[PDB]
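Listed in order, the protein sequences are those of chains A, B, C, D, E, F, G, H and I.
Here the first sequence is numbered in my numbering, starting from 41 and rising by one per residue.
Here the second sequence is numbered in my numbering, starting from 387 and rising by one per residue.
Here the third sequence is numbered in my numbering, starting from 26 and rising by one per residue.
Here the fourth sequence is numbered in my numbering, starting from -14 and rising by one per residue.
Here the fifth sequence is numbered in my numbering, starting from 12 and rising by one per residue.
Here the sixth sequence is numbered in my numbering, starting from 4 and rising by one per residue.
Here the seventh sequence is numbered in my numbering, starting from -18 and rising by one per residue.
Here the eighth sequence is numbered in my numbering, starting from 314 and rising by one per residue.
Here the ninth sequence is numbered in my numbering, starting from 783 and rising by one per residue.
C-beta atoms are modelled at their ideal positions from N, C-alpha and C, and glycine is treated no differently.
A short worksheet on the structure shown next.
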Amino acid sequence: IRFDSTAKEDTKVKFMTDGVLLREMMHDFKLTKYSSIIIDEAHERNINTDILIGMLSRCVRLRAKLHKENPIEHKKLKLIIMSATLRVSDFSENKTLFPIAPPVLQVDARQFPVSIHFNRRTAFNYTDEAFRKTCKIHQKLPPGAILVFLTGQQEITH
Amino acid sequence: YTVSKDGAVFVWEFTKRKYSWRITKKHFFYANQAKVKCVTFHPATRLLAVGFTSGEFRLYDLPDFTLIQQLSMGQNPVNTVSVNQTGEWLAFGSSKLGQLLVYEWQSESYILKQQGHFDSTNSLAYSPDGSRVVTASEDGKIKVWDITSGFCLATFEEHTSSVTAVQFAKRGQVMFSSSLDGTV
Amino acid sequence: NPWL
Amino acid sequence: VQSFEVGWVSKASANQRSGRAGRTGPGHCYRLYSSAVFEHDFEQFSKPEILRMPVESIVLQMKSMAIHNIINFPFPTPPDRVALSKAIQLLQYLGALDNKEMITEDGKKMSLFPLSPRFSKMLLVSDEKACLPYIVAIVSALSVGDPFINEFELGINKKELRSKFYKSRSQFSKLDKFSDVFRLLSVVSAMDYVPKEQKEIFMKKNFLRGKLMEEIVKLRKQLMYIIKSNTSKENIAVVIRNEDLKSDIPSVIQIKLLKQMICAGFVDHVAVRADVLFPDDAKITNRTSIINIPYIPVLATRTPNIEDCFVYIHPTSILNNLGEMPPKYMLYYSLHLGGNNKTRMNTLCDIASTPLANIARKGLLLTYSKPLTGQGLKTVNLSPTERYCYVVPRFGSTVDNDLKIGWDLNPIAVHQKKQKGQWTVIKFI
Amino acid sequence: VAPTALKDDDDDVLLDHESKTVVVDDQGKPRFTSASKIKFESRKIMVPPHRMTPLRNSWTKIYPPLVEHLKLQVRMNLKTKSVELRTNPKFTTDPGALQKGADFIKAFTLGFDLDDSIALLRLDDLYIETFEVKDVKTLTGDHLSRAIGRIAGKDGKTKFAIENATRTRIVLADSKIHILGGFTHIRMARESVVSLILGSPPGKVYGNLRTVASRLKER
Amino acid sequence: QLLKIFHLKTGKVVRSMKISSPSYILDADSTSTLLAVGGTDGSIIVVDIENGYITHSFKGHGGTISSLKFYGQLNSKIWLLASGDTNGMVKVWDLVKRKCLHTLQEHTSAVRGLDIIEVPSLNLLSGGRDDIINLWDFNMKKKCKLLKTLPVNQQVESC
Amino acid sequence: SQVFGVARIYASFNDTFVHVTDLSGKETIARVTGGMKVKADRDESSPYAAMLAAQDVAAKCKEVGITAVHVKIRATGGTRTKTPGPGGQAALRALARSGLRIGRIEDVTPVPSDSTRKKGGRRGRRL
Amino acid sequence: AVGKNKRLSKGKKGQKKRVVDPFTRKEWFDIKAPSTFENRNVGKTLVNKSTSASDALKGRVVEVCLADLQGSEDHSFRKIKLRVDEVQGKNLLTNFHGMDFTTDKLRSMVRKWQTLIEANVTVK
Amino acid sequence: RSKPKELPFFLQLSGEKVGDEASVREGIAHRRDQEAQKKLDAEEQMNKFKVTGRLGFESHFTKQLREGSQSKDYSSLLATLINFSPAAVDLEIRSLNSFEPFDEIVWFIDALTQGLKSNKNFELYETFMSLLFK
């Protein structure tokens, strides 16, 4: 969960927040402990993630240079990037990230069609409208998992 | 501002009680026994320099009566004090030992510190080049003087009794003296 | 109060 | 100020939410908002989080990152390189950044702290002489804005209602005579004292938006919590209390203490009179209204025409309602460009000469001269590195550099210890 | 104005109920709020009848040091003829003050001068050594009286010679001897007095007293 | 009478405090964050180890503290402290509210063994040098009943 | 909440005993002496040995549970000196400094109305 | 003298190892005074736990100042002896055993220039 | 050379002086204060003087040192150096700043460099450089 928290040495896959990866890169610029790095949620475009994305591009360039000096002695760094949005190109064209836009691969997943419906009038108390709406959904619709969205936790618990 | 030998300073102002001079403020030199012998004032920079009979002087700022400094030139009374036009140099004179000292209280430095023989000069001798002259007195103290400056560079007190004669070697690095105490 |  | 508020998501986001409705199986997605609400108040693509930031707040983040420079840093999207520099200079003036641009420990505290660096300085310095509740009440007031409805907007200037307006405004001044935001502070917790049922009666006498008023209570309850989390090692354990929300009058000494913590908050947003720095350059006299009195910011650059640098006091400002000779050094939250003849100024409080030097001391904007020589100006030197000396301090632009326009402070006794060849002031002696 | 006449203030002040609830931290641990943020003793000392008048006239100089420096609660009981001492919990700070005051009063009670008694309070390594001539030697009648006279000497001189040399105080209360000083010093005094009791001529003891005093200074 | 906290990894004394009276009973919770100090004056002091500050100061015991038992679980709100003195008298302190929850006196000699467990209702094991063991049930409400008293036939130093 | 002990102090000219017991005196709580806390036999009677011994019992006393004591100072008595020496006084001070509460102080030195002949003889002793 | 230069003694050869804290087995016991005294509480004592405890308790004698029992400093200068006679539930029932005065007084009262009169009687 | 010539109620005495020779045998047995009063003596001297007259940021010379380097002409600067008192010459010379880029020191050196070229006031220019190294 945290940068002060230390992963075991035996484990060879690490899960962590983008803030912690920033911290790890502060202690070690080479990031040689990591032969490869993954990036997720790039569409969210978080600052710590964008600050992370830029700093990774520098370190990958170094690790490429260390690889160029000699392959076997110095560990190479490979960057894997993911995004829900198809607009990842903007990352590619930027010169500061890398001089020439790297290859981009696209994978399309199977999504069943979705009907879309809007309440004629928006409600100020969105929580109150939603709950009444969810009550009606259960009253009428067949059993299936329902995904609700709500900004405030204390409203969620309520 | 008026000062007395007892060591009291009175501040006089023309004010209503219709308008007359009155003592608004009073200061006191709490010298244990020393009596004021000479006083001088510099209105432009507000300095009070006082020489006491004990042989010490105090520098004060008026009207706050702030003791800028206090120093002693000896046990003999301070006879005269004078202040420079700019007010940065303060000169002191005591007659008993014929002392004269010029003080730069700004930088706490001595522009001049010279004191003459207590006794008559029994003998004299020039350096071979003539740049310096040495004098001997009945006290038994030898003083080295520079001709160009006319100031005493150094003094020697080793001889107990009157030094009768003084002489230089041909080379000039060394000076020899003979005294009534029985030593050369 | 003082603030009123 | 930056605040986290419930606001419409992007359309592309909404589509993703509907997307999950179908992935497991084809299903309808409901939306509480209407379709014609959706087209109007949604953005097709979510505007990047980086743009949503304060740029200075971005700068603080990279300083936690220990990145050498933002221009050195590679980024997808540019903030203005110069604006980035102003933030660095601003952090230096606040004291977050050393002259070597390395983040100071006071600076590191802020990268932990969420809100913007300027509002952060007030809160790091807030916990002094039990004045912490006051600063948060000030800061919450500053974030919300001006609750006072000015007589000109009301149109009362009827005449009795001006008198009632003046009386409420006279009631406001009691906390501090020359200070507007301390006076604004005086209203924030004044309404905390008056009972709930009489709030609506209190606001109408004072012409205050009770809806605006109640937020400062919540913000205070919030800001107090974040600060208490950071001050205390047991961050979460700290609890907000109504009794702590209640606070006593700052003592008259505390009022000056408040003045300094404000200046710490806004070290750059400060202006001396025009005439004090350039006496006789522009005619000044008592008959001139306080609006007619000019002021010059230190941060403002020296200009070919002095009047451009000149900035003037707001008529809605209390100091003009006083009609006395203004205090020499003024501090402002913001300069309102409105008014072609005169640039308006709203001032938190009068800032005094010597206390201003201390905040200037905390910041890097201050420049020291060499020791002066004169009667009573001798300097003590215990070790080769340390002396006590009287030094004339010059705030902002020095005499040598004419590009900017700073005022010089009067000399004060100070302790200096040599570090890398010049002797760092240890304390105002 | 005299007829002889010609023709802002910057401030110096500068900047440099526990809650019954708990919160769970990210490690799952409990984090709580901080909790809310010299005993009464007495010493009874009896004063003999012969010290009552020395106590009374000297008392103006006895209670001030006890009440002020040691912060003790003082009194004397006219009914029991005793000096009454107690520790005040809200003011007393030194735990050893109470015994120190009791020891000081005892020195005055034994007969020592008040100023000498103050030494017990001022210093922490002073003790009172007490013994009887009977413990040394079996003397009775005129032999006992002469032994007392030998210790004191003409005009009490011999007592002072031991006193100055050995750096103590000696109270010769009839056949009862009390010596006040440092532990080594009182032993040095105790050797001189025992010799006098046994029949040693004083002027001979005076010679030895010079020797030990010579050693005291060089150490 | 100085409590000192030593960090093994850092190899240093992180914190040092002064306790009111000498304490020879020290208890640490399973979560390794809270420490309880049992002094001869009957005062109980609870300390947050990683923060190094006093969290609770309970003064209810008359005799010297003999047994201290922490009951707690990660991600709960049911943390409790059990204290037994030399008078055969035990109290269940409630940390969350900071009250005494229950009081027991049935032991006669010093209580040296304490232990609490969750009943799928909390069961307390109290044992003392009077050669008996007492089993209790209780809840956060005003319920506390003695189930069994077992003669164990040895001086219960710990149970 | 206050348990009383009895701190019996025996100050001999060559040694000092610090002894703490229950009120009856049957059960010894802690007995310490100047000798066990000193390196040479001559400092057994020294005041310094006494403070160490007094402090040692006080630490032991607090462990036991007792928090106050009644001191019964005594000397060798009999045909020898009757007044406690500096060591006994010094130990009393240490007990006060230790922080234990003091109940009552009494001198229980054995005093003979009639005594046997002393060891010194006629010419005397303690030379 | 625990010093090294201090010569070895014969007894030092054999030293029983300390394997028990004796107070682990000790148990405290509360004393009470007869009704004739105002303050019945007169402290507590300790004995080894019964394997019996009562045997060592019977015949035990405790001495105390009257002031503690009567709560008056007019009896600070008198001492009483109480002996244990019966034990009930950690409480000791004592009976009067003797009375005596403190040494310091007996010196205090006795003064020069008068006559000392002492009388003694044996009676039941 | 010219500088002018220059109890506790509870006495904490222990050791052989108080007759406690036993403590000595068993082994049991203020400059940082003096610097403290020296700091205080320095502190009070500053509270002693509270001159409030307005003074300029730059002294007369240091202004010229800046102006000359802009103009590369120290003739006005060298002229005023000859006029200063021997103290006033020293009152400055250590006061010259010692950061990188060491501009003033570089500026001052060029002054003595230009001064030597003039072949005038030789002794004064030489001794100035000596004080620089000092």
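Identification of chain D residues near residue 32 of chain F by a Cβ-Cβ cut-off of 9 angstroms yields none; the smallest Cβ-Cβ distance measures about 16 angstroms. Taking all protein chains in view, the Cβ of residue 64 of chain F is crowded by 16 or more other Cβ atoms within 10 Å, so the residue is classified as buried.
Listed along chain G is no residue with a C-beta nearer than 8 angstroms to that of residue 350 of chain H; the closest approach is about 15 angstroms.
For the segment 43 to 77 of chain E, the set of positions with a beta-carbon nearer than 8 angstroms to some beta-carbon of chain H reads 55, 57, 59 and 60 in chain order. Listed along the chain, the chain G residues whose CB falls inside 9 angstroms of the CB of residue 417 of chain H are 87 and 88. The shortest C-alpha to C-alpha distance from residue 135 of chain A to any of D:60, D:382, D:381 and D:341 is the one to D:60.
For residue 370 of chain H, the uninterrupted alpha helix (DSSP H) segment begins and ends at 366 to 370.
When the five nearest sequence neighbours on each side are left out, the beta carbons in the same chain lying within less than 7 angstroms of the beta carbon of residue 414 of chain B are those of 393 and 394, in order along the chain. Residues of chain D whose Cβ lies closer than 9 angstroms to the Cβ of residue 78 of chain F do not exist, since the nearest Cβ in that chain is about 14 angstroms away. With contacts defined by Cβ atoms closer than 8 angstroms, residue 72 of chain F and residue 85 of chain F form a contacting pair.
Taking 8 angstroms as the threshold, the shortest C-beta distance from residue 129 of chain F to chain H does not fall below it. The closest CA to that of residue 175 of chain E, considering only E:35, E:57 and E:223, is found on E:223.
Distance from the CA atom of residue 56 of chain F to the CA atom of residue 55 of chain A, rounded to whole angstroms, is 33 angstroms. If you ignore the 5 residues before and after residue 365 of chain D, its C-beta comes within less than 7 angstroms of the C-beta of 372 and 373, all in its own chain and listed in chain order. Here residue 132 of chain D is buried: its Cβ has 16 or more other Cβ atoms, across all protein chains shown, within 10 Å. DSSP places residue 830 of chain I in the helix class (H, G or I) of the three-state scheme. The way I'd put it, the segment 358 to 366 of chain H doesn't touch the segment 52 to 63 of chain G; fewer than three beta-carbon pairs between them come closer than 8 angstroms.
Around residue 115 of chain F, the same chain offers 69, 70, 130, 131, 132, 159, 160 and 161 as residues with beta carbons nearer than 7 angstroms, after the five sequence neighbours per side are excluded. If you draw a straight line from the Cα of residue 183 of chain D to the Cα of residue 100 of chain E, it comes to about 50 angstroms. Residue-level contact check: residue 43 of chain F touches chain G, since one or more beta carbons of chain G fall below 8 angstroms from its beta carbon. In the pairwise beta carbon analysis, the segment 349 to 362 of chain D is classified as not touching the segment 304 to 323 of chain D: fewer than three pairs are separated by under 8 angstroms.
Secondary structure note for residue 201 of chain D: its alpha helix (DSSP H) is the uninterrupted segment 195 to 216. Fewer than three Cβ pairs drawn from the segment 522 to 533 of chain B and the segment 473 to 492 of chain B lie within less than 8 angstroms of each other, which leaves the two stretches out of contact.
The alpha-carbon of residue 19 of chain F is positioned some 36 angstroms away from that of residue 24 of chain G. Only residues of its own chain outside the window of five on either side were considered, and among them 66, 92, 93, 94 and 120 have a CB closer than 7 angstroms to the CB of residue 58 of chain E, listed in chain order. Counting only the Cα atoms, residue 457 of chain B lies some 45 angstroms from residue 82 of chain E. Restricting attention to B:443, B:566 and B:433, the CA atom closest to the CA of residue 387 of chain B is found in B:433. Residue contact check for residue 40 of chain E against chain F: a CB pair falls below 8 angstroms. Among the residues of chain A, those whose CB is under 8 angstroms from the CB of residue -3 of chain D are 125, following chain order.
One alpha carbon belongs to residue 515 of chain B, the other to residue 563 of chain B, and they sit about 19 angstroms apart. Within the segment 252 to 328 of chain D, the alpha helix (DSSP H) runs of at least 4 residues that lie entirely inside it are, in chain order, 259 to 262, 291 to 294 and 303 to 307. For residue 407 of chain B, the secondary structure class from DSSP, reduced to helix, strand or coil, is strand.
With respect to residue 21 of chain E, residue 337 of chain D sits close: the two C-beta atoms are nearer than 8 angstroms. Along the length of the segment 24 to 69 of chain G, whole beta strand (DSSP E) runs at least 3 residues long occupy 49 to 55, reported in chain order.
Taking 3 residues as the shortest admissible run, the segment 49 to 120 of chain A contains the following complete beta strand (DSSP E) segments, listed from N- to C-terminal end: 76 to 79. Taking a Cβ-Cβ threshold of 7 angstroms, none of the residues of chain E is close to residue 145 of chain F; the smallest such distance is about 17 angstroms.
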